[PDB]
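Sequential numbering from 342 applies to the sequence shown in my numbering. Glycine is no exception: its CB is placed at the ideal position from the N, C-alpha and C atoms. Single-structure report; data block below.
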Amino acid sequence: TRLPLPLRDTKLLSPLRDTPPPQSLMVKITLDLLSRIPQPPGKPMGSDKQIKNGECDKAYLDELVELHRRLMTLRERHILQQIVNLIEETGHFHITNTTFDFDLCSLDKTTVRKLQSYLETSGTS
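Laid out in structure tokens, this is it:
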């Protein structure tokens, strides 16, 4: 009677998928305070190549991580349009009528440099 296993946190999760995507940090901007909602895609379109990258453990991640944050503390509008459209031109973002995110660690490193830039119009330091 609950002698061996008192009580676990979470039982069996969804159908154990085969080597499913990893886990890290993603950027999600409330769909409410967005206003603009990019139109959905046309044809399914789904590659299969997926080049095996090698982020490896380093430190540069710190930057990307911090970014996601400073992004959450954004409330000036007008810019969101420059963050959604910019990527729009290049798929790789999940859209939803109630949420929308994307991965900045996937697209070229240039896209990240641009974003960070605007995210600092004033003049930190």
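What's the gap between the Cα of residue i and the Cα of residue j?
i      : j      : result
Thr440 : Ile370 : 7 Å
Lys399 : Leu460 : 24 Å
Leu366 : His409 : 8 Å
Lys384 : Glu430 : 16 Å
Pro381 : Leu348 : 44 Å
Once you ignore the five residues that flank residue i on each side, which residues in its own chain have a CB closer than 6 Å to its CB?
i      : result
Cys446 : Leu405
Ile428 : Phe434, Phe443
What's the call for residue i, buried or exposed, on a 16-neighbour Cβ count within 10 Å?
i      : result
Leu354 : exposed
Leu374 : exposed
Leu456 : buried
Would residue i and residue j qualify as a contact pair, given that the criterion is a beta-carbon distance under 7 Å?
i      : j      : result
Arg377 : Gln422 : yes
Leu402 : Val368 : no
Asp442 : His433 : no
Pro379 : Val425 : yes
Reducing DSSP to helix, strand and coil, say where residue i ends up.
i      : result
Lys455 : helix
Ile424 : helix
By Cβ distance below 8 Å, which residues in the same chain neighbour residue i in space, the five residues on each side in sequence not counted?
i      : result
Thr437 : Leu372
Would a check of beta-carbon distances place residue i closer than 7 Å to chain B?
i      : result
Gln391 : This model lacks chain B altogether; it includes just one protein chain.
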